[PDB]
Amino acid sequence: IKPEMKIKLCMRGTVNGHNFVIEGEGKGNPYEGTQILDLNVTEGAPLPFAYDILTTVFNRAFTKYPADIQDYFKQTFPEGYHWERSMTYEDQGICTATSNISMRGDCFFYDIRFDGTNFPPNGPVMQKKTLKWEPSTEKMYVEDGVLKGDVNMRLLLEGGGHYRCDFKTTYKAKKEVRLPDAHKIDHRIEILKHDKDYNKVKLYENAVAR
């Protein structure tokens, strides 16, 4: 795990029945907890749904970890790890995502599946009224021997309201790795730049373990 690492991913997905493919490439500083990704829709454009629903699915390897908090994620390499996430929105829109993360030299590779079902056609997701995720805190803990992560997420809407989502995530090393103690991860995520239909998106994350 170098101080600078490359990223390449492919996301294959469906949302309210609409198929889509998105590729990305970027770079980040795993030990500083930061990363930039450039994302390009290559199938299914123009997305007819809020792009924010995808952003946290586009690698906890990019987290700055104190010396005294066991860094599980960096330690799953070179072999890698996979995670799984359900995302339950306050309006019964539901998405699941699975990511399989591997490594070749200085580059991570993500193989990502994303599915969203039952979004109200007049809801803020299908109408694209989302502005951004609020900074958040993921609770990392262990249950029946698996590393878990829970976070109550808030998407800010046009007009200043929030639309909540409950994230539950499971993280599993390819080759057994000693589980860390409970802790927390503070997250900020931001779309730095996008074209008109979000065909091209630059996306930034900053995450620190506490």
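Note that residue numbering follows the sequence shown and begins at 1.
Going from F58 to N59, you skip over 1 to 3 residues of the deposited sequence that the entry leaves unmodelled. When the C-alpha B-factors of 139 to 147 and 27 to 35 are averaged, 139 to 147 comes out higher.
Two stretches are in play, 201 to 209 and 2 to 10, and the higher mean C-alpha B-factor belongs to 2 to 10. Across the options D71, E134, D115, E84, the residue with the most elevated CA B-factor in the record is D71. In the PDB entry, a CA B factor belonging to the highest third of its chain's modelled residues is recorded for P180. Ranked against the other modelled residues of its chain, the C-alpha B-factor of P48 as given in the entry falls in the lowest third.
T96: CA B factor in the lowest third of modelled residues in this chain (values from the PDB entry). In the deposited entry, the Cα temperature factor of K174 places it in the highest third of its chain's modelled residues. When the modelled residues of the chain are ordered by their C-alpha B factor, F119 lands in the middle third.
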